[PDB]
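**Q** no sequence on this one, just coordinates:
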Ligand SMILES: Nc1ncnc2c1ncn2[C@@H]1O[C@H](COP(=O)(O)OP(=O)(O)OP(=O)(O)O)[C@@H](O)[C@H]1O
Ligand SMILES: Nc1ncnc2c1ncn2[C@@H]1O[C@H](COP(=O)(O)OP(=O)(O)OP(=O)(O)O)[C@@H](O)[C@H]1O
């Protein structure tokens, strides 16, 4: 329930939260899997139709939309594989252990593109409670996005407080129109500029991030970056 | 620690409702391209009239419509109502693949009690796997008894090594043989059948390929 809360300790509560999420995830991967077959048949139907009556504006529309669904579903299952490839068990972890590998790899990666990665303040031994892999992925996705869309530089900044950790990621690349700053976290949502880019697919990254982070009782925000591009702010509570 | 009771409450609400919100958002996003897909068939039916193919497209679109709708949110059934569409569609698909599908004995009006969709997917996955891995032929056979229904599926394709016959039902697992040419199919099957107090098994097939046997209990 998580409403296991009538009586229970915080830890027990989250395990009940972990129990629910896994079934929600089983549901999503089972439906994702099962959507593929009628879809397969539909495509055999269009194919057979194109053979009998040839190309059409209408048929072309049906075929491209069927391909959109096909693609989304494929990406949904790729995701499902990864989130269940993660065991979920929530544990106490120090911020530095949790994200140092991620940041070091990002420095290596930034260096290859010829770009620069700068850590304004590194993470310390600050206590968190959660799924280590999930929070790691949250940060690699935010920084990999930054490395990709940046023009020359990336910046990462940690901040600690009696209350929590605040992670800030910045890039000097193109921004995100103010309207889209709310929308970028919706699933399958990409900006017209990344659709013009025409590279990559999926718009799950930030949807996965927002979900994980809310599940970890924190929050995420997209803003104008002082470097001129995009700013991502993660806040997570301390565990005591 | 510093937080207001209100901040606690919102943190808590958002925390429990995030996956729900995620799934309902995924559902919304799949629904819009689908809505367009349905007007393409509609506009096409306007332009070029009825066709078997157009009918096919339309019903498949109505199925997608229903399952995406599930993302947002046991009964008594007769085996024949439960699985005939699964089988008819398996026949449609088989004809296109250039393969042959044979039903040695069809299901009758045999009482079952469970989730119709779960059991449908259970059978559909077993025969559709058989259409995939088969070389030329597939055979489906029903059997009834005072106790239950036993569905047997056979193919003439490559088999599965005896060691792997237990593993293939594990989720996200595929044999190394299949890895040269998702792995939820037989996991979905095992789950639904076990949930209906039945069982699933992989064996040697008389056709030379793989044999899958589903047993489900009858209803009182
Ligand atoms: N650093 C960035 N600068 C500008 N826009 C960005 C940046 N990162 C993301 N966006 C915009 O927000 C969208 C959401 O991206 P998100 O990570 O959710 O999916 P994605 O990066 O497109 O694909 P993937 O799922 O493979 O990461 C992106 O397509 C892009 O349009
Ligand atoms: N009829 C068959 N003949 C031979 N091998 C099979 C047969 N059915 C399943 N297998 C093997 O067992 C594995 C389990 O398949 P399962 O249905 O669980 O996933 P899948 O069919 O590979 O993928 P999907 O989930 O998309 O159907 C397959 O990858 C395949 O190696």
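**A** Now that the structure is in, tell me what you want to look at. Numbering: from 1, shown residues only, chains lettered A, B, ... in the order given. Ligands and ions are numbered 1, 2, ... in the order given.
**Q** Next one: the residue in chain A that ligand 2 sits nearest to from residue B:171, what distance?
**A** Closest contact between chain A and ligand 2, by C-beta to the nearest ligand atom, is at residue A:33 (5.7 Å). All C-beta atoms are positioned from the backbone trio N, CA, C, and that covers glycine. The gap separating residue A:33 from residue B:171 is 11 Å, by C-beta to C-beta, to the nearest Å.
**Q** who has more neighbours, these two?
**A** Counting neighbours by other C-beta atoms under 10 Å in any protein chain shown for residue A:33 and for residue B:171 shows that residue A:33 has the greater number, 21 against 17.
**Q** ok, the closest residue to that one other than its chain neighbours - contacts?
**A** Across the structure, with C-beta to C-beta, 6 or more residues apart in numbering or on different chains as the measure, the residue nearest residue A:33 apart from its sequence neighbours is residue B:184 (4.9 Å). With contacts taken as C-beta atoms under 8 Å, 6 or more residues apart in numbering or on different chains, residue B:184 has the following neighbours: A:29-30, A:33, B:171-172.
**Q** For these, which two are the farthest from each other?
**A** Spatially, the most separated pair among the contacts of residue B:184 is A:30 and B:172, at 12.7 Å (C-beta to C-beta).
**Q** just the helices in chain A please.
**A** Using DSSP state H, the helices found in chain A span residues A:10-53, A:57-85, A:95-113, A:132-149, A:180-183, A:192-197, A:205-215.
**Q** now these in JSON lines, with distance to ligand 1?
**A** Formatted as JSON lines, those follow (distance: least, C-beta to the nearest ligand atom, whole Å):
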{"stretch": "helix A:10-53", "distance to ligand 1": "15"}
{"stretch": "helix A:57-85", "distance to ligand 1": "7"}
{"stretch": "helix A:95-113", "distance to ligand 1": "13"}
{"stretch": "helix A:132-149", "distance to ligand 1": "3"}
{"stretch": "helix A:180-183", "distance to ligand 1": "7"}
{"stretch": "helix A:192-197", "distance to ligand 1": "3"}
{"stretch": "helix A:205-215", "distance to ligand 1": "2"}
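**Q** Quickly list the domain ranges of chain A.
**A** With CATH domains of a matching chain as the criterion, the domains of chain A are listed as A:1-87, A:88-240.
**Q** now the last one, how far from the chain's geometric center?
**A** Looking back up the chat, that one is domain A:88-240. Offset of domain A:88-240 from its chain centre (C-alpha atoms, centre = their mean, to the nearest Å): 9 Å.
**Q** Now do it: distance from first to last residue.
**A** With C-alpha to C-alpha, to the nearest Å as the measure, domain A:88-240 spans 20 Å from end to end.
**Q** And residue A:87, how far from ligand 1?
**A** Between residue A:87 and ligand 1 the computed distance is 22 Å (C-beta to the nearest ligand atom, to the nearest Å).
**Q** Please apply the same query to residue A:204.
**A** With C-beta to the nearest ligand atom as the criterion, residue A:204 and ligand 1 are 4 Å apart.
**Q** What of residue A:237?
**A** Computed as C-beta to the nearest ligand atom, the residue A:237 to ligand 1 distance reads 24 Å.
**Q** Then residue A:174?
**A** Looking at residue A:174 against ligand 1, where the rule is C-beta to the nearest ligand atom, the gap reads 6 Å.
**Q** before we move on, what about residue A:170?
**A** For residue A:170, the distance to ligand 1 under the criterion C-beta to the nearest ligand atom works out to 9 Å.
**Q** Would you point out which residue is most central in chain A?
**A** Compute the mean C-alpha point of chain A, and by C-alpha atoms, centre = their mean the closest residue is residue A:205, 2.6 Å away.
**Q** how about the residues of chain A that lie near ligand 2?
**A** By C-beta under 6 Å from any ligand atom, the residues of chain A that approach ligand 2 are residue A:33.
**Q** go with 8 Å
**A** Residues of chain A lying near ligand 2 by C-beta under 8 Å from any ligand atom: A:33, A:36.
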